[PDB]
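Trainee: Attaching a single structure in structure tokens format; questions to follow.
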Amino acid sequence: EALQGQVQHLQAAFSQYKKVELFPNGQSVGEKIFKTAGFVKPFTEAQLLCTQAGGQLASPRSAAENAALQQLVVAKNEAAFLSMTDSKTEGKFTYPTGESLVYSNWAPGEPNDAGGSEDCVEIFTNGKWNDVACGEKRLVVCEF
Amino acid sequence: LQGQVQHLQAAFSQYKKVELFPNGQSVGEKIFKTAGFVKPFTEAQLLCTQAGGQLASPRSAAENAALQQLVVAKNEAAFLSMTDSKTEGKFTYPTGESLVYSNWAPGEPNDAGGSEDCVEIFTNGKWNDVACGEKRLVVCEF
Amino acid sequence: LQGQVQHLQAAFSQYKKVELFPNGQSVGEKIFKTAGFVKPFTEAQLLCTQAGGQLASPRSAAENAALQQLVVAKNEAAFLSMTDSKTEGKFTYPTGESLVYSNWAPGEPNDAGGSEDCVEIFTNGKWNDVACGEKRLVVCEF
Ligand SMILES: OC[C@H]1O[C@H](O[C@@H]2[C@@H](O[C@H]3[C@@H](O)[C@H](O)[C@@H](CO)O[C@@H]3O)O[C@H](CO)[C@@H](O)[C@@H]2O)[C@@H](O)[C@@H](O)[C@@H]1O
Ligand SMILES: OC[C@H]1O[C@H](O[C@@H]2[C@@H](O[C@H]3[C@@H](O)[C@H](O)[C@@H](CO)O[C@@H]3O)O[C@H](CO)[C@@H](O)[C@@H]2O)[C@@H](O)[C@@H](O)[C@@H]1O
Ligand SMILES: OC[C@H]1O[C@H](O[C@H]2[C@@H](O)[C@H](O)[C@@H](CO)O[C@@H]2O)[C@@H](O)[C@@H](O)[C@@H]1O
Ligand SMILES: [Ca+2]
Ligand SMILES: [Ca+2]
Ligand SMILES: [Ca+2]
Ligand SMILES: [Ca+2]
Ligand SMILES: [Ca+2]
Ligand SMILES: [Ca+2]
Ligand SMILES: [Ca+2]
Ligand SMILES: [Ca+2]
Ligand SMILES: [Ca+2]
Ligand SMILES: [Ca+2]
């Protein structure tokens, strides 16, 4: 009825604002949304900002999701932090839920745990991953 | 249709979260959002009103703390909407009513030089009456 | 349920307002949003298209004035979507149709050096055909 008309007018308007939101610091892949803050921070600060924002750090679980996140990295020309760490068990990277990686896109020779102190993961402009020290400043990208 | 509205709040709640990052803060049904730049009061008041809202007007300790976070993130003191321009010494909201909450810094308000009618909020959340001509961070509320 | 859906329009209308501040402008059913930075035409045109829209395409004085404010706010001339790349002298929208509105500055378009095929908009709302390789403000429309 009349209400049914109100909602279809709403999805129309909402879909337009979805597009407006993701410009220029957002990327949607499936039902997941990546958004970057535009600046660089250490892991702990990046993880904090993302969690208080109601989400978490970028967690690519597929090639499609990895490609979408990659576009933000290319656009900002800055390697970004991922949520996965091997702090608990060295060599074994896990999501915040604790489960093991269901997808990875390591660069050649990575992860190498360089200096025996590389426990966080970053993504380059080519979409490849590298384990890097969590104290380094990288692009803050959250997922919602 | 009944399912579609339930599907809609789900998407909207997600878009809600995406929107407020990283320049927004929600406290209750109020939303603080910063422009990222500094302006004199008249321009700040202007930009917020044309945007469909008004300058940041914290009415509780919770709201003041949320607004404070936007200030800390930008490392820039921000303008509030309240002024004692009409009646000196008595600061009021745009509606004209008196302050229902205040967090003045020690010794403030002092009306320094006899020409301080606007209010700014520091990175520590404390308030200070400052000249309206000064450039401070633009933070609106919606 | 009807109360629940109108409660949704209320929340969306608020987030509508939050979204457009401070880099957005809505005129009619069109939304202009700026990226805040400058890029060459091809890069600007690219960013807009992958974002789900296209470059700023003012079709009326009302739309042109709204786009103008983003330019004023950033103090940087912005690229429009219209070009005379196909047939020199004949500017067209991405759809291929001829201009239904123009606000050319005095003496424009002049195709200076025989190599000006893109259009920029100044802080005064006037248009100028300029070389597409130049870096201008990126403003898209949705
Ligand atoms: O813009 C400088 C300073 O202004 C604000 O602090 C103010 C300052 O007053 C100064 C001076 O600005 C004023 O003209 C004379 C008038 O006799 O008094 C002082 O020399 O300091 C007082 C006391 O600390 C403040 O109450 C007053 O607001 C403030 O925005 C500050 O952040 C800023 O650097
Ligand atoms: O980036 C410089 C200037 O570009 C735009 O104005 C252009 C400018 O043309 C130049 C030059 O390229 C041309 O060969 C000679 C012809 O006599 O004129 C100028 O030296 O100025 C003309 C007329 O003023 C414009 O039509 C032309 O677009 C513009 O973006 C401007 O803001 C900028 O400074
Ligand atoms: O911060 C310097 C450097 O750190 C990272 O690369 C280091 C290491 O993690 C790699 O395994 C090796 C081999 O490629 O190179 C470095 O030692 C990267 O984040 C890199 O971009 C950065 O410059
Ligand atoms: Ca490790
Ligand atoms: Ca380790
Ligand atoms: Ca490494
Ligand atoms: Ca006074
Ligand atoms: Ca005063
Ligand atoms: Ca004072
Ligand atoms: Ca936004
Ligand atoms: Ca030509
Ligand atoms: Ca031309
Ligand atoms: Ca010209």
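Along the chain as shown, the residues are counted starting at 1.
Structure determined by X-ray crystallography, 3.2 Å.
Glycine too: its Cβ is placed from the backbone N, Cα and C atoms.
Straight out of Swiss-Prot:
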type	residues	note
DISULFID	A:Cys50-A:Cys142	disulfide bond
DISULFID	A:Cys120-A:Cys134	disulfide bond
Trainee: State which of the following disulfide-bonded residues has the fewest other Cβ atoms within 10 Å around its Cβ: A:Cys50, A:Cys134, A:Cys142.
Mentor: A:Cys134
Trainee: Look up A:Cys50 (disulfide bond) in the DSSP assignment and report helix, strand or coil.
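Mentor: The residue in question, A:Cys50 (disulfide bond), is helix (DSSP, three-state).
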Trainee: Sub-8 Å Cβ contact with chain B: please pick out which of the disulfide-bonded residues A:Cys120, A:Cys134, A:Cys142 have it.
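Mentor: Qualifying residues, whose Cβ lies under 8 Å from chain B: A:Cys142.
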Trainee: What's the CA-CA gap between A:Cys50 (disulfide bond) and A:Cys120 (disulfide bond) in angstrom, rounded?
Mentor: 16
Trainee: So how many other Cβ atoms are close to A:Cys120 (disulfide bond), meaning within 10 Å of its Cβ?
Mentor: 26
Trainee: For A:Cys134 (disulfide bond), which of the three DSSP-derived states applies: helix, strand, or coil?
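Mentor: SS state of A:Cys134 (disulfide bond) = coil.
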